[PDB]
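Experimental structure and sequence below.
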Amino acid sequence: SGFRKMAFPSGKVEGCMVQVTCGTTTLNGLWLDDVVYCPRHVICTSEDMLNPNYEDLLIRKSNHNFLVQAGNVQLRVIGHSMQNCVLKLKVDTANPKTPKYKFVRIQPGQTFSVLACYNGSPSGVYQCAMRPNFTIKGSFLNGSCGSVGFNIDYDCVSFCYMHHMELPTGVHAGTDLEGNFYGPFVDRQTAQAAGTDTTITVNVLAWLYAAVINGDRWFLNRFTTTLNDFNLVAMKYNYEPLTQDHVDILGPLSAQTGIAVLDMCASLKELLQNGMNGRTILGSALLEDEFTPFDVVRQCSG
Amino acid sequence: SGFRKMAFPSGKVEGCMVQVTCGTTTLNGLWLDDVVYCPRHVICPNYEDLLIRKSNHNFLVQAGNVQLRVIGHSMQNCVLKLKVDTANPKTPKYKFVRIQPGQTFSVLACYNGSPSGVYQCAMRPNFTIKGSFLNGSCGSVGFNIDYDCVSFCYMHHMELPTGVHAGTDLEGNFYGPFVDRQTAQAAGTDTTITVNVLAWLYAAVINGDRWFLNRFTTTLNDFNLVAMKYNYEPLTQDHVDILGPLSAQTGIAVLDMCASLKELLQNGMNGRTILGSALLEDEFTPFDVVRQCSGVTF
Ligand SMILES: O=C1[C@@H](c2cccc(Cl)c2)CCN1c1cncc2ccccc12
Ligand SMILES: O=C1[C@@H](c2cccc(Cl)c2)CCN1c1cncc2ccccc12
Ligand SMILES: [Cl-]
């Protein structure tokens, strides 16, 4: 019993965190085999950040300009290449602590763990979700660039995020490990704004099923809804449309609890209309949207 | 910017998790040097009598895909200490510390000696933890990290009928009035950790959330009368002193933040949130707020 925002154990990622210094800029890098991945903006000064030409700035650098530090050991950079917004620094040592890993690009609503680092040292681990507006509501200070987001399903680490920047609203933007940004963001100081954020409907429903599995039923009602009528209501509360894919994904939880997806959708409609009335669901007075259907099953069943 | 429930990096503890199988019971053990610590209920009660009937070979200890050989066994309170032939090469610098209610720690939830998740907890004033544990999680540990030292403060033993959890420090002494047997046990009435709520209100101010601030101040006496009324823990002069640095950083005196908390408790939030929460969060200590809002690393 119990339901917590749970992160993956960070050990396999901690052994990969290194410090990357280039000129005055110091951020984090991800050391996997003989390559250190880091945000390409490490080659910039804050003076050439409005409109940086990364191809031009990179060509002017040599391997010895990049100082890579793994613990108290300096790694020697033997090559450098840029892949989208990520810099790949080839080093002369393969990381002995390199776990089994994949680079995966996630979709909005997907969750992952963040190992927040400063100066190549891990300071904390938290859980978060890729927002529908492609930002993440992280906890990052200056120096956290290059901190990574991951999932540790089975013995393989799936790297899905690398932190690049904080937007004016205090939210965060970054890329997958291939350097492709999530969202319409660019690694420039140009005026950029997070799009209007919306609630991840499928995740709220998954969390409502988690509450039912944990014995909480107060919010359930005798009603059902059509998928269209649910989306017409949900859209009015800035909730993401629920697709047939989401309904299909919620199938196992629907089978385990005996509550049809469209029946849980009617509970959600009611909750949106009424609020909680001083009650909580899994110790929360708000509808939680950072647990996917896969997170709920994993945490509640194994 | 941002404020998240953040746990310590679990790596130093992951290298210590092993599986302990005794008869039909399989749970987790904490392998430090040549000793594996685990809940004594793995032998299940008259624990002295049950333990004397066991031999070293009855305890199957598994560290990854390697079986450790048990060369001795002793009991310290509600923890079983299985002496093994191999010292854990991954043993970090560690201490066993007993925490006080309100203090926070990270929990590395494990099943079959394998870490599945890490989450941040607080030792409730009623000595329970609101964890997330399934059958097989016994022996999962709670810890803090201080520089490069792991302070082990909790080992999970059981779940109470309300879904909350009970366990011991690493010396086998239970937190709370709980015993490790199948009997009627209930978590006492819980209260809110006042000093932690205030710390989280300072974190919200540091993050630009000021709507709840007011011009008023209060006395520690007047505030504690309100705290008693709303099932909030008394705020001591020690708590006020601990909140000193946050008070200095934000310019909001502790008793000035207390008057904000007093208005929040009598009037509510009114459809507003603080750090994306409609409830007053009490699982961030004043130290957690300072560590996160300043970026301390391990
Ligand atoms: O936004 C950035 C980075 C940057 C700047 C412009 C463009 C690019 Cl791609 C990258 C520089 C550091 N940084 C931060 C990242 N996360 C948290 C922070 C908190 C407070 C201040 C800064 C923070
Ligand atoms: O409470 C216990 C343990 C127990 C039983 C009797 C007496 C003692 Cl001292 C301890 C055995 C497993 N267990 C659980 C521990 N945590 C979470 C759980 C969730 C769901 C089911 C069981 C769970
Ligand atoms: Cl995805």
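Received the coordinates, thanks. Numbers count the residues shown, from 1 in each chain, chains lettered A, B, ... in the order given. Ligands and ions are numbered 1, 2, ... in the order given.

from here on, contacts and neighbour counts on C-alpha atoms
Fine.

Then residue A:237 would be within a helix, right?
No. Residue A:237 sits outside any helix when classified using DSSP: H, G, I helix; E, B strand; the rest coil, being coil.

Check the burial of it by counting its neighbours.
Using other Cα atoms under 10 Å in any protein chain shown, residue A:237 has 14 neighbouring residues.

So it sits against residue A:272, correct?
Yes. Using Cα atoms under 8 Å, residue A:237 is in contact with residue A:272, at 7.3 Å.

Nearest residue to residue A:241 in space, please, no chain neighbours.
In space, residue A:241 comes closest to residue A:231 once its chain neighbours are excluded; the distance is 5.4 Å by Cα to Cα, 6 or more residues apart in numbering or on different chains.

how is chain A carved up into domains?
Split into domains by CATH domains of a matching chain, chain A comes to A:1-14+A:100-197, A:15-99, A:198-301.

winner for burial among the ones you listed?
Most buried of those, by mean neighbour count (mean count of other Cα atoms under 10 Å in any protein chain shown): domain A:1-14+A:100-197, with a mean of 21.

That one close to ligand 2?
Yes. Applying Cα under 6 Å from any ligand atom, one finds domain A:1-14+A:100-197 touching ligand 2 at residue A:1.

Could you work out the end-to-end span of that domain for me?
One end of domain A:1-14+A:100-197 sits 31 Å from the other (Cα to Cα, to the nearest Å).

Also stretch A:20-30?
The first-to-last residue distance of stretch A:20-30 comes to 9 Å (Cα to Cα).

Quick one: the helices in chain A, in order.
Using DSSP state H, the helices of chain A run over A:11-14, A:54-59, A:201-213, A:227-235, A:244-249, A:251-257, A:261-274, A:293-301.

Determine which of those helices approaches residue A:178 most closely.
Closest to residue A:178 of the helices of chain A, according to Cα to Cα: helix A:54-59, at 15.9 Å.

Output the longest strand belonging to chain A.
If you go by DSSP state E, chain A has its longest strand at strand A:156-166.

Pull the residues that contact that strand.
Strand A:156-166 is contacted from outside by A:12-13, A:38-39, A:41, A:99-106, A:112, A:140, A:144-152, A:172-177, A:187, B:1, using Cα atoms under 8 Å, 6 or more residues apart in numbering or on different chains.

try stretch A:84-99
Counting by Cα under 8 Å, 6+ apart, A:12-13, A:15-16, A:31-41, A:75-82, A:156-157, A:175, A:177-181, A:187 sit against stretch A:84-99.

That stretch vs ligand 1: in contact?
No. Stretch A:84-99 does not reach ligand 1 (Cα under 6 Å from any ligand atom); its nearest approach is 8.5 Å.

gap between the two ends of that stretch?
Stretch A:84-99 has its terminal residues 24 Å apart, counting by Cα to Cα.

any idea how far that stretch is from the chain center?
In terms of Cα atoms, centre = their mean, to the nearest Å, the centre of stretch A:84-99 is set 21 Å apart from its chain centre.

which residues touch the nearest residue to residue A:251 once chain neighbours are set aside?
Here the nearest residue to residue A:251 in space, its sequence neighbours aside, is residue A:261; by Cα to Cα, 6+ apart that works out to 7.2 Å. For residue A:261, the contacting residues are A:247, A:250-251, A:254, by Cα under 8 Å, 6+ apart.

residues touching the nearest residue to residue A:204 once chain neighbours are set aside, list them.
If the residues on either side of it in the chain are set aside, residue A:204 comes closest to residue A:289, at 4.6 Å by Cα to Cα, 6+ apart. If you count contacts by Cα under 8 Å, 6+ apart, residue A:289 has them with A:199-204, A:207.
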